[PDB]
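Asks:
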Amino acid sequence: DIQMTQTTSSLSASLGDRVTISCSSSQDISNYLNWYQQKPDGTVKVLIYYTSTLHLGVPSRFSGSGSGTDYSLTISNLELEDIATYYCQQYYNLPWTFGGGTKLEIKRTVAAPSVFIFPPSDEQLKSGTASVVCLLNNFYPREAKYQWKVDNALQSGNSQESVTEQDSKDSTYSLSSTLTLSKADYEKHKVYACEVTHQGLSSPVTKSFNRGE
Amino acid sequence: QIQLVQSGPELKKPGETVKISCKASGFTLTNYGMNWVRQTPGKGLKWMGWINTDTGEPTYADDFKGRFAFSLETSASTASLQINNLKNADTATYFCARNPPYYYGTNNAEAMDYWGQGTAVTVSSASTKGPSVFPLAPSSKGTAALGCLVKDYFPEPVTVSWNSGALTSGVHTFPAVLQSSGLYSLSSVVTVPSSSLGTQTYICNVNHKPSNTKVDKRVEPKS
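Chains as they are written, first to last, in my numbering: chain A, 132 to 344; chain B, -7 to 215.
#1: For chain B, find out if any of its Cβ atoms is closer than 8 Å to the Cβ of A/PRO226; answer yes or no.
#2: Do the segment 304 to 323 of chain A and the segment 72 to 83 of chain B make contact, defined as three or more Cβ pairs closer than 8 Å?
#3: Which residues share a DSSP beta bridge with A/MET135?
#4: From A/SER196 to A/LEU142, what distance separates their C-alpha atoms?
#5: Between B/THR183, B/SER153, B/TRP42 and B/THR32, which lies nearest to A/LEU225 when the distance is taken from Cα to Cα?
#6: For B/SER116, write down the residues that DSSP places opposite it in a beta bridge.
#7: Check B/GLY25 in the structure and name its three-state DSSP category.
#8: If you draw a straight line from the C-alpha of B/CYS140 to the C-alpha of B/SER179, how long is it?
#9: Which residues of chain A have a Cβ atom closer than 9 Å to the Cβ of B/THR85, listed in chain order?
#10: When you compare the CB of B/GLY25 with every CB in chain A, is at least one pair closer than 8 Å?
#11: Which residues in the same chain have their Cβ closer than 6 Å to the Cβ of A/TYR222, if we skip the five residues on either side of it in sequence?
#12: Got a sec: which bits of the segment 191 to 214 of chain B sit with their beta carbon under 7 Å from any beta carbon on chain A, in order along the chain?
#13: Using the Cα positions of A/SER307 and B/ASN77, report the straight-line distance between them to the nearest angstrom.
#14: Is it true that the segment 186 to 194 of chain A meets the segment 241 to 251 of chain A, where meeting means three or more beta-carbon pairs spaced less than 8 Å apart?
#15: Go ahead and label A/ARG149 buried or exposed: buried means 16 or more other beta carbons lie within 10 angstroms of its beta carbon, across all protein chains shown.
#16: May I ask you to list, following chain order, the residues of the segment 95 to 120 of chain B that have a beta carbon less than 7 Å from some beta carbon of chain A?
#17: Does the Cβ of A/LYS338 have 16 or more other Cβ atoms within 10 Å, making it buried, or fewer, making it exposed?
#18: Hey, does B/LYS15 have any beta-carbon neighbour from chain A nearer than 8 Å?
#19: In terms of residues, what are the limits of the alpha helix (DSSP H) holding A/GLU210?
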């Protein structure tokens, strides 16, 4: 198996930029290298074959070059429809192998999250379960950290999170984390807090509530 | 026009078998190789093998020798992937993709030059359940956030809208998360003017087709 490596998994860029994506192979593949584009919707098309030949109908802003073990794909004047994930793939031998993919995102100014905490509803509590939700809204870049604290005890292992794709209008990200407790555990404690750090925040942001107030 | 159209999504229980079909139109199936590619959620692409479309001979990548079978149905212009004895780890999207046959001096791309749209296979023992919908009530302490917590449903997906689709600005509906129960949960939020909280009604509309579950849940400041 020849290993294909795309060192940069995520790449931020602005419309109009020239963008380059690198790919390295674990041995000389003699330019037997293809590039594929996968849209956010999941659909795949070939862009370049044999290192630098554009496939039919692929616009001229795409190009590729390289040899030996080092290859690259270049977009000369990035457009909105080019925001996607790019994979390289060798066909020097079987099995055909792919790189890990390089996902483009749009660059923008740093934006701090707006933080909100939500207690469990009385209706859920009647059922025996308490879900506490922390919302980190409209921040940039994607990297953010948060900590759940219950009566000042850091909680690790009882929450799940998910993150939106980059917003089409303001280029930000949002994140939601849910802390799950049994009703009996939820009622054993008073202060529920979500504490957030982000490179846009000059100091951490804590939102909290007191159960029953 | 060259098209590869795959069969639709499949939900299976462990140990079952699934057959994924890939219908070729706008070109002669029998003139090109046919490849199968797997993408697990998180999105690595992995080549599973190919089937010689002229002879019918399949070739499997080593990680896919065993439970996988490539087949042809030439009279239907269709190529097929069968996965036997499904495991939860088989949960993935499977693509078929054609490649022009290689011969010395050819001018064609030796690439997978046209891809099917992918077939998503989900493997789980969970049974179908509609969600509970709970309020994420706006804090009583500018811009306010409120939302709905759509908890404990199976399978994906649910659709969420706000005020029957009249409210779209500031809405974020998050990817579902799979809980250790095997059930999914997701949240949908929207940010609104704090001043609107006493006068505007906010309702999240939740639809879970697999269970025929529809819920219109008003989200209001708690008293």
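Built from N, CA and C at the ideal position, the CB exists for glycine as well.
Replies: Looking at the atomic coordinates:
#1: The C-beta of A/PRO226 comes closer than 8 Å to at least one C-beta of chain B.
#2: no
#3: A/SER156
#4: 19 Å
#5: B/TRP42
#6: DSSP lists no partner for B/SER116.
#7: strand
#8: 6 Å
#9: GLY173
#10: no
#11: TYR163
#12: Flagged: no residues at all.
#13: 36 Å
#14: no
#15: exposed
#16: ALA101, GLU102, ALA103, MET104, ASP105, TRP107, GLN109 and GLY110
#17: buried
#18: no
#19: Run containing A/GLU210: none; DSSP gives neither H nor E here.
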